[PDB]
C-alpha cells in the first residue's frame, strides 16, 4: 500500500564546504570543480515503513518522527557533511537517517541545487572574481535523487539513484527546421525551414556504478555544469530537424563523453516564438513574439545500447 510522509522545501545553506576538485575537463566544458564558498540545497525528504500504519489508522504518534525533526536532521547533517557533492550529501543523510530510526524501511531524497554565480569586485585597484559576494541565480540548477531501503537482513541498499540538470532554457536563432510532418484535417502548422528553436531542458542521468555519483573519486563524477555545456554545444553544431532529433544527439554525446553512465533521460518543452516580420530592409534580422500558452513537450531516454 502507498504510505509515506516527510518534509519538503528544506532550504539549507552552507559556507565553506570541502571544494570539489579533480574533475577532468572535456572539450565542450571548462568545468574542473566547484569552490563551494557558498553551497545551497533545497531538500525534499520522504520516508516509508509498515510500522507507520497506526499513525494513520489510530492517531498513534509513538513511532512518528516529526517532519519538523526531519528538517532539523537534514540541516545538522549539512553542517557535519565532509563530502563534496549533493549526491554524496543525500547518501550521508539517508544512511544516517536509517541507522538512527530502525522502524523506517525506506527513505527517498531529492536535492535541488540553489545556484550562486560569481561577481566582479575591485581589490586595491584591480577587477577580479569576488570571494565574498555572490549573485543568486534563478536559471538552471543541478539536481539529485536517492532512494535507500532497509532489507529484511538489516543491511542498507541504494535501490535508485539519478542525478540531473533542471531549468535550462536555450534558444538557437537559426539553423533549425521542422518539416515533413503529417498534413491532414487537423494540421494548420506551416512547415518552417528556418526557425528560432526555443527549448526548455530537464536532463537526468543514471550511473552504471552508484559509487561514481558521490564524488569520492572525482575522475568518475559527471557534473551538471558539464552536461549543460554539452547541450549548448550540440544545439549549436546541429542542423536540428526537430526537438526529438536534438535530444537524441545531445544524449548520444553525453554517453560518449561519459562511458560511466548507463542512461540519459530527457524532458523537453517547445516554447518557440511566433514570427511577425520576415524581412527587414538591409539587415538579416527579424521580429518575433510570444506564442499562445500551449507548449510542445518530449520525453526520451538514451541508453549505451544505442
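Under this definition, the rigid core comprises the largest set of C-alpha atoms superposing within 1.5 Å between the forms. Positions refer to the first chain, counted from 1.
> Quick one: core-superposed, which stretch strays further from the shown model in 8 other deposited structures of this protein, 125-133 or 169-177? Go by RMS C-alpha distance.
Stretch with the higher C-alpha RMS distance in 8 other deposited structures of this protein: 125-133.
> Find the stretch among 17-25 and 287-295 with the larger RMS C-alpha deviation in 8 other deposited structures of this protein, all structures being superposed on the shown form by the rigid core.
Taking the RMS over all superposed structures in 8 other deposited structures of this protein, 17-25 lies farther out.
> Would you say residue 282 goes unmodelled in a third or more of the other compared entries?
Yes.
> Mean C-alpha B factor from the entry: is it higher for 162-170 or for 147-155?
That would be 147-155.
> Would you tell me which stretch averages the higher CA B-factor in the PDB entry, 221-229 or 122-130?
Looking at the record's C-alpha B-factors, the answer is 122-130.
> Maximum C-alpha temperature factor per the entry, among 137, 96, 75, 209, belongs to which one?
In this record, 209 carries the highest C-alpha B-factor of the candidates.
> Per the PDB entry, which option out of 262, 46, 269, 55 has the greatest Cα B factor?
Max CA B-factor in the entry, restricted to 262, 46, 269, 55: 262.
> Which third, lowest, middle or highest, does the CA B-factor of residue 290 fall in along this chain?
Middle third of the chain for residue 290's C-alpha B-factor.
> Relative to the other modelled residues of the same chain, rank the CA B-factor of residue 251 and answer lowest, middle or highest third.
Ranked within chain, residue 251 CA B lands in the middle tercile.
> Using the temperature factors of the C-alpha atoms in this entry, rank residue 241 within its chain: lowest, middle or highest third.
Answer is middle: the recorded C-alpha B-factor places it there.
> Considering only modelled residues of the same chain, in which third does the CA B-factor of residue 184 rank: lowest, middle or highest?
Tercile = middle for this residue's CA B-factor.
> Would the CA B-factor of residue 300 place it in the lowest, middle or highest third of its chain?
Answer is highest: the recorded C-alpha B-factor places it there.
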